[PDB]
Amino acid sequence: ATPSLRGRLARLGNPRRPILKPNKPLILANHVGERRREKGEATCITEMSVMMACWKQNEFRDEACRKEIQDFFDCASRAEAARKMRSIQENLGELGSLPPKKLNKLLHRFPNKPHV
Amino acid sequence: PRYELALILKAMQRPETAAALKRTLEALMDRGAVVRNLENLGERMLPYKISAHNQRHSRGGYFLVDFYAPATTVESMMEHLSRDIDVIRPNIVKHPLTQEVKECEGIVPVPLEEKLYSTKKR
Amino acid sequence: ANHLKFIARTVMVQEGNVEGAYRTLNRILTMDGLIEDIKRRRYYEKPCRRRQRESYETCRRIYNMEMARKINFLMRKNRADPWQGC
Amino acid sequence: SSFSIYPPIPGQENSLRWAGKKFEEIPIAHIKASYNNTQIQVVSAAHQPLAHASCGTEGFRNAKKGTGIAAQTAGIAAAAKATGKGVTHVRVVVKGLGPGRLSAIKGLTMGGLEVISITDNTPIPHXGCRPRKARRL
RNA sequence: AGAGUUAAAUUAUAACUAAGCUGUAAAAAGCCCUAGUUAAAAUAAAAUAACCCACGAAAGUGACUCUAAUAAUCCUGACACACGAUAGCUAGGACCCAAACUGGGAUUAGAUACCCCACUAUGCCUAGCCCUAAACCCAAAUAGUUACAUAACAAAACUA
Ligand SMILES: [K+]
Ligand SMILES: [Mg+2]
Ligand SMILES: [Mg+2]
Ligand SMILES: [Mg+2]
Ligand SMILES: [Mg+2]
Ligand SMILES: [Mg+2]
Ligand SMILES: [Mg+2]
Ligand SMILES: [Mg+2]
Ligand SMILES: [Mg+2]
Ligand SMILES: [Mg+2]
Ligand SMILES: [Mg+2]
Ligand SMILES: [Mg+2]
Ligand SMILES: [Mg+2]
Ligand SMILES: [Mg+2]
Ligand SMILES: [Mg+2]
Ligand SMILES: [Mg+2]
Ligand SMILES: [Mg+2]
Ligand SMILES: [Mg+2]
Ligand SMILES: [Mg+2]
Ligand SMILES: [Mg+2]
Ligand SMILES: [Mg+2]
Ligand SMILES: [Mg+2]
Ligand SMILES: [Mg+2]
Ligand SMILES: [Mg+2]
Ligand SMILES: [Mg+2]
Ligand SMILES: [Mg+2]
Ligand SMILES: [Mg+2]
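The deposited coordinates for this entry were obtained by cryo-EM, with a reported resolution of 3.6 Å.

Have a look at this one:
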């Protein structure tokens, strides 16, 4: 449930001292904020480290590191595939919640009335 | 009842436990207290190790004493139990039955508050 | 220090995986708010900043939980309009 | 297959023995993951240390030792020294919050050591020493 | 305002293992009488509850227990009486930890600053003084009205 907004803000007819001092007025806007892009992180680290172990153990020659080298290539392709497809599908995937453009139109049909 | 004595005793055999309660109740009667009854909560493992009288205790017995005593004699009872070595942690609180359960009607729903801002065009 | 060990904030792995068990532990701490608490105890915030932080956390929790209700309330009005080109 | 997250309480008798020994008999792996270093120590059920390893001792130096990879290598090294002394399962206790928590956990997994229980024992003062002031970076 | 009490953390200190430990955007300096684990006083500060809004005249108060206890049969009122965060002073006691000043490192053209390490006054207890704050909810006290009516902005306007 929503926290009570009774006797919180600084008002003339308020005996209780202020509890909340908002930066901007608590008025619902007719639009929601855009989704925030997820910050990236380095990929293929658990596979690069094991690759470096074989290189240091065999004088930097891939004559015996073939198993590790291929997985590093596989991880690079796997990370490449996911990175070059996340942006397009996430816009309309919606995770069950309408994209920001649809919510803005929905809110405009039923706007908030501060005046009158 | 007016006062309740949350008494915790060190784990020991039957004879010394009876002796410890016998003298603890005797100390209460010397200060001018009419004890009502003695309640036994059995022996239980302590929630955490309690350091008292240069000992580390992990198991102890719980006992409860309720009595009527003058207000000025509470400090003497607390001071006396602190010097005793067979009691690990004494505490005195007013008996919960002294206060009556205040009558309740229900969870009154608080409506959302309006008229918090001017009606000018934002 | 005085309590028993390996009871609080402890999870046990199942079927031999450890990444899944660790994520369960993090959800336990995040829900109880310990993760943010440890972040704020690395340095010291003056009581002036503590109240100013609780006046921004509470205000956000009111606006977010109120805009959330309006979205759910108006969610049913998203079907195809039956009076298109009326 | 009813599996309970909570540990088997010592007071009760749970028929869950790993490698023929009880829950409390299994050694402990302490992980102190600070913001600049990750220290891993494995101790026996009697709190007798078996092996010790950290990002500093593995060749990583200065800022490098605070990264995740350094903690991952320390987990591999600590497990190898532990496995040499003949330990299969270990109950890992995580101390503090840092960038090396995840790497050290899977470092022991890939080093030839198996974990069964995870505990977080981050120092959480209940009101305690006043910490240092803020950094106006 | 008194009296009694301590959960979590930290430190003196002891045992064991390890050779490094702290620190940053990156480093150096410092430490190696050190770090990790186990055992553990004193001092200081009061996680979650608190998405609650209570008490006091204000400044203030939110770890536990007990004692004492919150004026007026319920208007306004000073230069008079009483009080007043924090910093500061005088005397004694305490000192985990934080920390103006100061010393070292780094940055910079310079850095007597921001950043890093060490430590003092002091923050703490008892008795006295000082009586200052953006002491600001920038909105005086007591009774009321929603009538009349939008400079602007903000926390709508007004009468006795
Ligand atoms: K507390
Ligand atoms: Mg009031
Ligand atoms: Mg403003
Ligand atoms: Mg303690
Ligand atoms: Mg006092
Ligand atoms: Mg040096
Ligand atoms: Mg030490
Ligand atoms: Mg001392
Ligand atoms: Mg408040
Ligand atoms: Mg008054
Ligand atoms: Mg009154
Ligand atoms: Mg008067
Ligand atoms: Mg003063
Ligand atoms: Mg002062
Ligand atoms: Mg002073
Ligand atoms: Mg002078
Ligand atoms: Mg002095
Ligand atoms: Mg000092
Ligand atoms: Mg210091
Ligand atoms: Mg200098
Ligand atoms: Mg004020
Ligand atoms: Mg004024
Ligand atoms: Mg005023
Ligand atoms: Mg006046
Ligand atoms: Mg009055
Ligand atoms: Mg009024
Ligand atoms: Mg205009």
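**Q** Kindly report on the overall build of chain C, identifying the contributing residues and their values.
**A** Scanning chain C for helices and strands turns up 3 helices and 1 strand. The secondary structure elements of chain C, listed N-terminal to C-terminal, are β-α-α-α. Scaling as 2.2 N^0.38, a compact globule of 86 residues should have a C-alpha radius of gyration of about 12 Å, whereas chain C reaches 22 Å, well beyond that. Its C-alpha atoms give chain C principal-axis dimensions of roughly 75 × 50 × 20 Å. Looking at chain C as a whole, 24% of its 86 residues qualify as buried. For chain C, the exposed surface amounts to about 6,700 Å²; the carbon and sulfur share of it is 52%. For chain C, the separation between the mean place of its 20 positive charges and that of its 10 negative charges on side chains is 5 Å.

**Q** So what's going on with the UniProt feature "binding site: Mg(2+)" (unreviewed entry) in chain A? Which residues, and what values?
**A** UniProt's feature table lists "binding site: Mg(2+)" (unreviewed entry) at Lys24 of chain A, given in the numbering used throughout. When you line up the elements, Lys24 of chain A lands in the segment before helix 1 (46–57).

**Q** Give me the lowdown on the protein's contact with RNA strand E, citing residues and values where you can.
**A** If you check the shell around RNA strand E, you find 62 residues, and the closest are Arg8 of chain A, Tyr3, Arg89 and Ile92 of chain B together with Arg132 of chain D. Here RNA strand E approaches the protein such that, of its atoms within 4 Å, sugar and phosphate make up 70%. Measuring from a phosphate oxygen of RNA strand E, one finds a backbone N or O atom of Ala1 of chain C at 3.3 Å. A distance of 3.2 Å separates a sugar or linking oxygen of RNA strand E from a polar side-chain atom of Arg41 of chain C. Of all the secondary-structure elements, those providing two or more residues to the surface near RNA strand E are strand 2 (34–51), helix 2 (74–83) and strand 4 (87–94) of chain B, helix 3 (47–73) of chain C together with strand 1 (28–33), strand 2 (38–43) and strand 3 (49–54) of chain D. The biggest single contributor to the surface near RNA strand E is strand 4 of chain B, with 4 residues.

**Q** How would you summarise the pattern of salt bridges if you had to cite specific residues and measurements?
**A** Side chains bearing opposite charge may pair, as long as their charged atoms lie close to each other. Taken as a whole and judged by the stated rule, the model has 14 salt bridges over all chains. Between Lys84 of chain A and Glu80 of chain A there is a salt bridge, with the nearest N and O atoms lying 3.1 Å from each other. On the basis of relative accessible area, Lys84 of chain A is assigned to the exposed category, the value being 57%. The partner of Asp120 of chain D in a salt bridge is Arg101 of chain D, with the nearest N and O atoms 2.9 Å apart. With a gap of 19 residues between them, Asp120 of chain D in strand 5 (residues 114–120) and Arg101 of chain D in helix 2 (residues 101–110) connect regions that are remote in the sequence. For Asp120 of chain D, a relative accessible area of 3% puts it in the buried group.

Rules of the game
- Residues numbered from 1 in each chain as written, not as in the entry; some residues may be left out.
- Chains lettered and ligands numbered in written order.
- Part of a larger assembly, values for the part shown.
- Heavy atoms only, no water.
- Residues with missing side-chain atoms left out of burial classes, pairs and counts.
- Helix = DSSP H or I, 4+ residues; strand = E, 2+ residues; numbered from the N terminus.
- Rg over C-alpha atoms; globule rule 2.2 N^0.38 Å.
- Buried < 20%, exposed > 50% of the residue type's maximum accessible area, 1.4 Å probe, protein only.
- Areas by Shrake-Rupley, 256 points an atom, 1.4 Å probe, with all protein chains shown as cover.
- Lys, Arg positive; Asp, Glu negative; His and termini not counted.
- Charge placed at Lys NZ, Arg CZ, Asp CG, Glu CD.
- UniProt positions renumbered as here; feature names shortened; annotations may be inferred.
- Near = heavy atom within 4 Å.
- Polar contact = N/O pair within 3.5 Å; in protein donor to acceptor, adjacent residues only side chain to side chain.
- Salt bridge = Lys/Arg side-chain N within 4 Å of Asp/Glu carboxyl O.

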